[PDB]
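Starting from 1, each residue takes its place in the sequence as its number. The analysis underlying the following values was restricted to heavy atoms, covering all of them including side chains, and did not include hydrogens, waters or symmetry mates.
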Amino acid sequence: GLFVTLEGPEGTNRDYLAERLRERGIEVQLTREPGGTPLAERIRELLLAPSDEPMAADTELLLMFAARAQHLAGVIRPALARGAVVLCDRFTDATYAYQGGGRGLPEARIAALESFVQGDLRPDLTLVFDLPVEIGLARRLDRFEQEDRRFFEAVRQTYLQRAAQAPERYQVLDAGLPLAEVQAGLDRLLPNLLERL
Ligand SMILES: Cc1cn([C@H]2C[C@H](O)[C@@H](CF)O2)c(=O)[nH]c1=O
Ligand SMILES: [Mg+2]
Ligand SMILES: [Mg+2]
């Protein structure tokens, strides 16, 4: 199967992409992180709540990876195994962007967890939906949404940087464009997928 993740700055396209695949006789598994199983979604809710006790940064990183571990076991690996295209909303790039760029944790700490949790499993293709920080935010606020501008700017820039450095694994789309244009960019990227598959 094929492991596709969708990323971008904080703030529809996925449904269009899935139906293009389904039309073409492909099984599609839609999912999201942190999340995607009952336990993982319990971890989600602890991560996103604007709780009176500030969550330590290492706690936040560990919980993102603990939800990822569960989801990989229960959802992602099984789907890949039966030949599904997984379209996962956010994955370890978001960890690099949010926890590394935004929060300031060392890229090295994230890399060591990525390897521990995932083995050699990486996304086959990562779609980065790029747009200006304040547009994204416009699209109640969770703990990450309540963040300051530099945090979001560092998120945006981390995604562009990671894509620049491994261009074969990433496509960056302009997500600020009108919807019809964004869908056309999705249609333009399908031949490559039918082919990685
Ligand atoms: C998958 C993932 C998501 N996030 C953030 C981005 C959203 O604000 C929120 C829910 F997806 O969690 C994050 O900070 N790190 C991650 O690894
Ligand atoms: Mg959000
Ligand atoms: Mg802040």
Side-chain angles (χ1 to χ4, degrees), residues 1-37 40 64 68 71-98 100-101 107 110-111 114-115 117-133 135-136 138 152 155-193 195-197:
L2 194 69
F3 190 13
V4 175
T5 62
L6 294 86
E7 298 283 2
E10 186 60 44
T12 299
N13 296 317
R14 208 188 48 175
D15 293 331
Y16 178 94
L17 190 57
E19 184 54 22
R20 304 292 73 79
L21 301 162
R22 280 189 310 247
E23 278 177 346
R24 277 161 183 83
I26 294 144
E27 181 189 358
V28 165
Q29 172 76 63
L30 308 172
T31 193
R32 67 126 164 238
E33 289 212 348
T37 88
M64 279 296 175
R68 189 154 301 134
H71 179 41
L72 269 193
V75 170
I76 298 172
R77 290 197 184 275
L80 299 189
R82 60 177 189 273
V85 180
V86 176
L87 304 182
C88 180
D89 185 343
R90 307 195 171 272
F91 198 63
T92 308
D93 284 298
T95 308
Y96 277 108
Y98 285 73
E107 181 191 357
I110 301 168
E114 172 180 40
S115 168
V117 164
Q118 302 171 36
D120 287 347
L121 179 68
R122 303 294 179 271
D124 291 298
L125 170 67
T126 292
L127 305 195
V128 176
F129 292 77
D130 182 65
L131 83 177
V133 130
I135 296 325
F152 296 126
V155 165
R156 182 169 186 199
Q157 289 313 307
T158 306
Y159 284 129
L160 295 173
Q161 293 208 16
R162 285 191 43 84
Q165 289 156 205
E168 59 290 359
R169 195 175 58 209
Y170 295 85
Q171 285 295 312
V172 179
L173 304 97
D174 196 347
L177 290 180
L179 179 56
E181 292 183 59
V182 174
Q183 292 179 187
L186 299 168
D187 299 325
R188 294 189 308 263
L189 105 225
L190 235 36
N192 186 50
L193 267 67
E195 195 140 72
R196 286 178 203 238
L197 186 70

**Request:** Check whether any side-chain heavy atom of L17 lies under 4.5 Å from a side-chain heavy atom of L127, and answer yes or no.
**Result:** yes
**Item:** Nearest-0.5 Å distance, CZ of residue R68 to OG1 of residue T95
**Value:** 3.5 Å
**Asked** So do the side chains of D130 and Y159 get within less than 4.5 Å of each other, counting heavy atoms only?
**Response** no
**Request:** Give a yes or no answer on whether the side chain of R82 reaches the backbone of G1 with a donor-acceptor pair at less than 3.5 Å.
**Result:** no
**Prompt:** More than 12 heavy atoms of other residues, nucleotides or ligands under 6.0 Å from CD of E107: is that the case?
**Reply:** no
**Request:** Report the residues that fulfil ring pair (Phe, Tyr, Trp, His ring centres under 6.0 Å) with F152, sequence neighbours left out, ordered by chain and then residue number.
**Result:** none
**Asked** Does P34 reach the side chain of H71, with side-chain heavy atoms less than 4.5 Å apart?
**Response** no
**Prompt:** Would you say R90's side chain and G8's backbone share a donor-acceptor pair under 3.5 angstrom?
**Reply:** yes
**Message:** Would you say that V128 contacts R162 through its side chain, given a criterion of any heavy-atom pair below 4.5 Å between the two side chains?
**Reply:** no
**Prompt:** Between the side chains of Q165 and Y170, does any donor sit under 3.5 Å from an acceptor?
**Reply:** no
**Asked** Going by distance alone, is a donor N or O of one side chain under 3.5 Å from an acceptor N or O of the other, for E114 and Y96?
**Response** yes
**Message:** Using side-chain heavy atoms (C-beta onward) and a distance below 4.5 Å, is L6 in contact with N13?
**Reply:** no
**Atom pair CG/CG of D89 and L30 - distance to nearest 0.5 Å** = 10.0 Å
**Request:** May I have all residue pairs that pass salt bridge (charged side-chain N to carboxylate O under 4.0 Å, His left out) and include part of residues 178-188, sequence neighbours excluded?
**Result:** none
**Prompt:** Salt bridge check: are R196 and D124 linked by an N-O gap of less than 4.0 Å?
**Reply:** no
